[PDB]
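Only one structure is covered here, and it is reproduced in the block below.
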Amino acid sequence: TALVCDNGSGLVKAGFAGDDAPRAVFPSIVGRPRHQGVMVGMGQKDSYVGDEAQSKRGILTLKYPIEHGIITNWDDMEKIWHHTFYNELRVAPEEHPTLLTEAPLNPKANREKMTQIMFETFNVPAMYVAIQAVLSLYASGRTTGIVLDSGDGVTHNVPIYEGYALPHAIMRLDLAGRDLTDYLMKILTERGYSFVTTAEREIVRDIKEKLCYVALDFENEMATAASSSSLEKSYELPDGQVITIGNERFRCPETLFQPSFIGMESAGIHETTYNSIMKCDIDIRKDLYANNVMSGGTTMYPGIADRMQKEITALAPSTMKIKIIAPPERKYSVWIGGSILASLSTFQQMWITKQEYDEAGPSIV
Amino acid sequence: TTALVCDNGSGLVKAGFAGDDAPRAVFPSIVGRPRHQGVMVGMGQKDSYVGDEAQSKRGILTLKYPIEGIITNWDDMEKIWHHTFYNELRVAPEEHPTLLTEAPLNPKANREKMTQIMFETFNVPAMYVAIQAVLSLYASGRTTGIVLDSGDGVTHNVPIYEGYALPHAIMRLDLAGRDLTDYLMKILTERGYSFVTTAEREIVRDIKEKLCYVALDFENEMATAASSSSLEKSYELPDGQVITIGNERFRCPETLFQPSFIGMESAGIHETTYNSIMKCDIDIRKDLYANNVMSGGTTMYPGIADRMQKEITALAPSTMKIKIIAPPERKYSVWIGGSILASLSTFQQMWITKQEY
Amino acid sequence: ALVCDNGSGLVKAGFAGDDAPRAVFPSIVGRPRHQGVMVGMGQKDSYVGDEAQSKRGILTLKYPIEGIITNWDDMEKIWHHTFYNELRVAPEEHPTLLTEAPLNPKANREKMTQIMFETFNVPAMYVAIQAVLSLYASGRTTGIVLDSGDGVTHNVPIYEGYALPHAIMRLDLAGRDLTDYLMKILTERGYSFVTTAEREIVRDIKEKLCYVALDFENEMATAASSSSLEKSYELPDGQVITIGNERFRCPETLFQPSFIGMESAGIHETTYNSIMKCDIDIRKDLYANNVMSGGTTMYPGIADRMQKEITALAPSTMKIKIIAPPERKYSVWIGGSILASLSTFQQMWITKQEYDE
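In order, the protein sequences belong to chains E, F and D.
For the first sequence, the authors' numbering gives the first residue as 1, with consecutive numbering after it.
For the second sequence, the authors' numbering gives the first residue as 1, with consecutive numbering after it.
For the third sequence, the authors' numbering gives the first residue as 1, with consecutive numbering after it.
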């Protein structure tokens, strides 16, 4: 078949057209040496990518080619695709049409660079670049809906109508899956104990993906912390230090509603949905209010939907009913709807071919 | 009578009286409680000891530091605090108002029990317990700013405005002074040395005071050290041999910014400073950025100020005046604040007297 | 006397006599995170213009003026900042002129009349509609205006030194939205501009690169054909942008509000539509004399393009002339200073005694 890729800022999901579950999901990690040298038993490898880089640490810088939804480093991104084809999917690029996905606001310079490389460094027989929030809406079973794709580096509000993104309302706030982790670390160190230690990244994001929740009411909750141990959730770190975390458990994911909790100045995701849905025509605003879908990584947290709804209930005039659809698959949707779309028959004449590239070049994308 | 002030951290207590500008009893807040039956090479055998003699006792008494930036062990704290008003300060509690400082985030449960003990086990006629770095900014002569308070155990950022450190933005980092010594210790160990016991460890910490520095740029420094001898700063070890050290000198305290050298990823002292200034709201930021203030035993490190001038500017949008203020007094400024503040006539009616309690 | 031009973004002040405005600054005030009362301690007034931009609060950045002044406290605050901060004069001594937006509420003028005489104690105040003045910088009493400052574009008809409300067409566009559009499109060529410091870089780019191309379609094609529209600009830090189609996309926004996503008609549609609302015969003088003012008429090409559309929209025998001064950006003040200097007609200057009454 053909291949599909969600290149995250820190999670690349890959596979084919026609499967409902991603064939390969590795972090977008690029590991480069802190000095040329070796590790005993291995030699000097070209670079690191993904799990391999991460699960060792020591010897490397551990960068990322994508930040905030946009591709910033390019050489590294190519190294990752090299690790997606032969290394993850066990294929040669030239045999298999590839689909990769971009951020809703993604620069035309970025897209030209991407479709360039795919037909030069890789030489794939057909490619597509698709659009993160929009594909998630396809996986969400809808032509139309303002989606809230909070990946790893950003949320993205996008008023999709009839299978099209409306650009002038496409909001994006620079606080998400990543900024939310490091904040959870420092706040446990504020509390009690040295929550500082390199591996404790992955430890204190595992905490993030479980014990955290978006409190439905911060004012009630910060006080409830001081009333009852109810909120306190314990966690055995691998060393056996049964710790317990309390108000900070929310005080972290709440950053999306109050950006002041990390340090962005912007008003929060409720208001960024409201202020985009306003940049739409008064008419398409109702459907947006009925098909509002959360997507990506940072949408995981207990409460994040109802919190949104409540918030947009304050923000909405009395009549307008807000309806948030939390997807079961949410961290994968952008892959899912890509595959299914790429297998939809007619779409065979809706790829970018090697041929129209050797003719039109990057300017087709 | 006059009031007393006693600042507590994970390492050095400072005790004294109000009025004086300089702390009286600075000692290791170390107790030593008997491990088993053992006899000193000197003294016979006796119970728990606080201070320098406990360091010389090391193998007969188990040695605790009662404060890990928060009071962990309650009896041990009291053990010191008797040794303070009595063996150090040479006075009695009943005559004497006393101020104890504290590390900012201190849980309510600690504070309630702290009030109890000193009115009861000790019986001071009135007392106060007070937020450390606010008293540093005060000893710094300021209504505002942000202290980076870092010493033997815990490191802090307090964005202060008009009396208050912004609570939610008081950033803590538990990488501080012991973390630095035990790194500097491990480096030299790898090279073929080994301390462990008592004297040699302390020697390694003295080395930290004399040879160590944080350089502005770690990659240009990483280079020059490994290139040419300029940095090769010697020391005369108590056996005889000169340990020459060039790279390790700056390498050791770099753990404040790049903590990953020991193995720590949570946000470095610089990044914590950017994010406390941000973790507030938005206008007061300037006179936080322009009054980054250093206090505590660790901020003693040379070069550290020039480096933060880089380290904040890098992230802070161009038109913010970054200025790092660091007092010469710095290791005691929480006491120096606390004396003057205790002595304040204006503050008399805030001495919680033994009747209200 | 003085002249002090006020609006949703920029405020120009000086004396009657001078050719060019003495002080020009942003109408931004900050209002506190709620410490204090309206009458009580603390800086209600706070921070105006650059001082408020530099930090941004907390003291939340209330622009008071949307052409129409929404809330009168913040205007008082600016007017303090003008006479006392910007000019450094004595308001009691120096009769002030202030410049009002056509379709200001009459009650809004009453409050302007009051705050001047009461809090500022100015001996006499005058107030004049920004449009007729825009024509007095072009030497006329009569004519159709397209003012396009930083806030709201303005299609104002004038007969014999008076504006005709029934035609005065607003468009919620100018200057600001014009840069915040430019930010979205620079993003397409990598340059996601984001900070306020970057919006100051971006605003220089508007003036240097962005220009009202005579036609939209023939222009699009030349861009797509050939690089000649594209021109590199070096960013102050060291970088260089290149911009092509986008260069004219950015001013085109006046003619096409669908670009930003606004339900409102382009300046060509509104200019005309205001003149149709004019008297069937006076229309001739107005058409014959269109005067166009503001930071967003500074755009090169704008006069000929306006003239092209109005000729294609007005009858074959319609004698139209557009007028923009080379000093157009400031014209409300230049028009104002002439009036404020007109010492013979003087009794227009309603005094403190013509207010004691």
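Each residue gets a CB set at the ideal place from its N, CA and C atoms; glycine is no exception.
> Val124 of chain E and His96 of chain E look like a contact to me (Cβ under 8 Å); what is the Cβ gap, rounded to whole Å?
Replying inline: For the purposes of this step, residue 124 of chain E is taken as the residue at position 124 of the first sequence. For the purposes of this step, residue 96 of chain E is taken as the residue at position 96 of the first sequence. Going by Cβ atoms, the distance from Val124 of chain E to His96 of chain E rounds to 7 Å, so yes, they are a contact pair.
> What residues are listed by DSSP as bridge partners for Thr155 of chain E?
Replying inline: Indexing the first sequence from 1 puts residue 155 of chain E at position 155. In the DSSP output, where bridge partners are listed per residue, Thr155 of chain E has E:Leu173.
> Rounded to whole angstroms, how far is the Cβ of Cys280 of chain F from the Cβ of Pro159 of chain F, which I believe are closer than 8 Å?
Replying inline: As a working mapping, residue 280 of chain F is identified with position 280 in the second sequence. As a working mapping, residue 159 of chain F is identified with position 159 in the second sequence. At roughly 5 Å, the Cβ-Cβ gap stays under 8 Å, so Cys280 of chain F and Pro159 of chain F are in contact.
> Listed in chain order, which residues of the segment 298-320 of chain F have Cβ atoms closer than 7 Å to some Cβ of chain E?
Replying inline: none
>> Cutting at 6 Å between CB atoms, please list the residues of its own chain near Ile168 of chain D, excluding the five before and the five after it.
In response: By 1-based counting over the third sequence, the position of residue 168 of chain D is 168. Excluding sequence neighbours, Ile168 of chain D sits near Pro102, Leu103 and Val156.
> Do you know offhand how far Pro64 of chain D's Cα is from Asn71 of chain D's?
Replying inline: The residue you call residue 64 of chain D lines up with position 64 of the third sequence. The residue you call residue 71 of chain D lines up with position 71 of the third sequence. Their Cα atoms are separated by approximately 6 Å.
>> Check for me: the beta strand (DSSP E) holding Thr197 of chain E runs from which residue to which?
In response: Taking the first sequence and counting its residues from 1, the one referred to as residue 197 of chain E is at position 197. Neither: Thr197 of chain E is in no beta strand (DSSP E) and is coded neither H nor E.
> Between the segment 203-218 of chain E and chain D, which residues of the former have a C-beta closer than 9 Å to a C-beta of the latter?
Replying inline: none
> What are the start and end residues of each continuous beta strand (DSSP E) run of 3 or more residues lying completely inside the segment 65-134 of chain F, in chain order?
Replying inline: 98-102 and 126-131
> Would you say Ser28 of chain E reaches chain F, if we count a Cβ-Cβ gap shorter than 8 Å as a contact?
Replying inline: Counting from one through the first sequence, the residue named residue 28 of chain E turns up at place 28. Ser28 of chain E does not count as touching chain F.
> From E:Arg23, E:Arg330 and E:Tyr183, pick the residue whose C-alpha is nearest to that of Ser260 of chain E; which is it?
Replying inline: Here the question's residue 260 of chain E lines up with position 260 in the first sequence. The option with the nearest alpha carbon to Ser260 of chain E is E:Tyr183.
> Do you know how far the Cα of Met185 of chain F is from the Cα of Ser194 of chain F?
Replying inline: Here residue 194 of chain F refers to the residue found at position 194 of the second sequence. Here residue 185 of chain F refers to the residue found at position 185 of the second sequence. About 8 Å.
> So, using beta-carbon positions, are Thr98 of chain E and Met114 of chain E closer together than 8 Å?
Replying inline: Position 98 of the first sequence, counting from 1, holds the residue named residue 98 of chain E. Position 114 of the first sequence, counting from 1, holds the residue named residue 114 of chain E. Not in contact: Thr98 of chain E and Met114 of chain E (Cβ atoms no closer than 8 Å).
> Going along the segment 182-198 of chain D in order, which residues come within less than 7 Å of chain F, judged by CB to CB distance?
Replying inline: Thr195 and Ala197
> Going by C-alpha distance, which of F:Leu288, F:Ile325, F:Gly263 and F:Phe17 is nearest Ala316 of chain F?
Replying inline: Within the second sequence, residue 316 of chain F is the residue found at index 316, counting from 1. Checked all of F:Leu288, F:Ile325, F:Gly263 and F:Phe17; the closest Cα to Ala316 of chain F is F:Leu288.
> Can you tell me whether DSSP reads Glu357 of chain D as helix, strand or coil?
Replying inline: For this step, residue 357 of chain D is matched to residue 357 along the third sequence. Three-state DSSP puts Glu357 of chain D in coil, outside helix and strand.
> Rounded C-beta distance between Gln307 of chain D and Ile323 of chain D? I'm assuming under 8 Å.
Replying inline: Looking up residue 307 of chain D in the third sequence gives position 307. Looking up residue 323 of chain D in the third sequence gives position 323. In fact, because the Cβ distance is near 10 Å, the residues do not count as touching under 8 Å.
> Candidates F:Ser345, F:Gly337 and F:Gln348: which alpha carbon is nearest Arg142 of chain F's?
Replying inline: The sequence position of residue 142 of chain F within the second sequence is 142, counting from 1. Ranking F:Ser345, F:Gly337 and F:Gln348 by Cα distance to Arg142 of chain F puts F:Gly337 first.
>> Here's the rule I'm using: 16 or more other beta-carbon atoms within 10 Å means buried, otherwise exposed. How should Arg178 of chain E be labelled?
In response: Walking along the first sequence from the start, residue 178 of chain E turns up at place 178. When all chains shown are included, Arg178 of chain E counts as buried.
> How close, in whole Å, do the beta carbons of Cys250 of chain D and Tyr181 of chain D come, if the pair is a contact with beta carbons under 8 Å?
Replying inline: On the third sequence, position 250 is the one that residue 250 of chain D refers to. On the third sequence, position 181 is the one that residue 181 of chain D refers to. Contact flag correct, Cβ pair sits at about 6 Å.
>> Which residue marks the beginning of the alpha helix (DSSP H) containing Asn220 of chain E, and which one marks its end?
In response: Looking up residue 220 of chain E in the first sequence gives position 220. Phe218 to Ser227 is the extent of the alpha helix (DSSP H) around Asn220 of chain E.
>> For a minimum of 4 consecutive residues, which ranges assigned as the alpha helix (DSSP H) are wholly contained in the segment 248-275 of chain F?
In response: 248-251
> Between the segment 169-188 of chain F and the segment 263-273 of chain F, are three or more C-beta pairs nearer than 8 Å?
Replying inline: yes
> Can you round the beta-carbon distance between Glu78 of chain E and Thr143 of chain E to whole angstroms, since I take them to be within the 8 Å contact cut?
Replying inline: Position 78 of the first sequence, counted from the first residue, corresponds to residue 78 of chain E. Position 143 of the first sequence, counted from the first residue, corresponds to residue 143 of chain E. Actually they are not in contact, since the Cβ atoms of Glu78 of chain E and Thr143 of chain E sit about 34 Å apart, beyond 8 Å.
>> Short of 8 Å Cβ to Cβ, which residues in the segment 104-122 of chain E face chain D?
In response: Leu105, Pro107, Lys108, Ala109 and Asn110
> Taking Cβ to Cβ, would you say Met171 of chain E is nearer than 8 Å to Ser28 of chain E?
Replying inline: For the purposes of this step, residue 171 of chain E is taken as residue 171 along the first sequence, with counting starting at 1. For the purposes of this step, residue 28 of chain E is taken as residue 28 along the first sequence, with counting starting at 1. Going by C-beta atoms, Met171 of chain E is not nearer than 8 Å to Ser28 of chain E.
> Got a sec, what are the start and stop residues for the beta strand (DSSP E) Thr155 of chain F sits in?
Replying inline: The residue labelled residue 155 of chain F in the question sits at position 155 within the second sequence. Segment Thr155 to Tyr161, the beta strand (DSSP E) holding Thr155 of chain F.
> Does the Cβ of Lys108 of chain F have 16 or more other Cβ atoms within 10 Å, making it buried, or fewer, making it exposed?
Replying inline: As a first step, residue 108 of chain F is located in the second sequence; it is residue number 108 there, counting from the start. With fewer than 16 Cβ atoms within 10 Å of its Cβ, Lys108 of chain F is classed as exposed.
> By the 10 Å Cβ neighbour count, where 16 or more other Cβ atoms means buried, how is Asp356 of chain D classified, buried or exposed?
Replying inline: Counting from 1 along the third sequence, the entry for residue 356 of chain D is found at position 356. Looking at its Cβ environment, which holds fewer than 16 other Cβ atoms inside 10 Å, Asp356 of chain D is exposed.
>> Please report the distance separating the alpha-carbon of residue 361 of chain F from that of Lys208 of chain F.
In response: Given a span of 1 to 357 for chain F in the structure shown, any question on residue 361 of chain F remains unanswerable.
> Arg34 of chain E and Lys63 of chain E look like a contact to me (Cβ under 8 Å); what is the Cβ gap, rounded to whole Å?
Replying inline: Here residue 34 of chain E refers to the residue found at position 34 of the first sequence. Here residue 63 of chain E refers to the residue found at position 63 of the first sequence. Between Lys63 of chain E and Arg34 of chain E the Cβ distance is about 12 Å, and since that is not below 8 Å, they are no contact.
>> Between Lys279 of chain F and chain E, is any beta-carbon pair separated by less than 8 Å?
In response: Taking the second sequence and counting its residues from 1, the one referred to as residue 279 of chain F is at position 279. So, interface residue.
>> So, at 8 Å on beta carbons, what are the nonlocal neighbours of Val240 of chain D in its own chain, with the 5 sequence-adjacent residues on each side left out?
In response: Taking the first residue of the third sequence as position 1, residue 240 of chain D is located at position 240. If we look at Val240 of chain D and ignore the five residues flanking it on each side, its Cβ neighbours are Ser232, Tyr233 and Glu234.
>> Please report whether the beta-carbon of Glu265 of chain F lies at a distance below 8 Å from any beta-carbon of chain E.
In response: For this step, residue 265 of chain F is matched to residue 265 along the second sequence. For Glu265 of chain F, the answer is yes, since a Cβ of chain E falls inside 8 Å of its Cβ.
> For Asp174 of chain F versus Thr319 of chain E, is the C-beta spacing smaller than 8 Å?
Replying inline: Counting from one through the second sequence, the residue named residue 174 of chain F turns up at place 174. Counting from one through the first sequence, the residue named residue 319 of chain E turns up at place 319. Contact flag unset, no.
>> Looking at the strands, I want to know which residues DSSP matches up with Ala14 of chain E.
In response: Locating residue 14 of chain E in the first sequence gives position 14, counting from the first residue. Its beta-bridge partners are E:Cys5 and E:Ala24.
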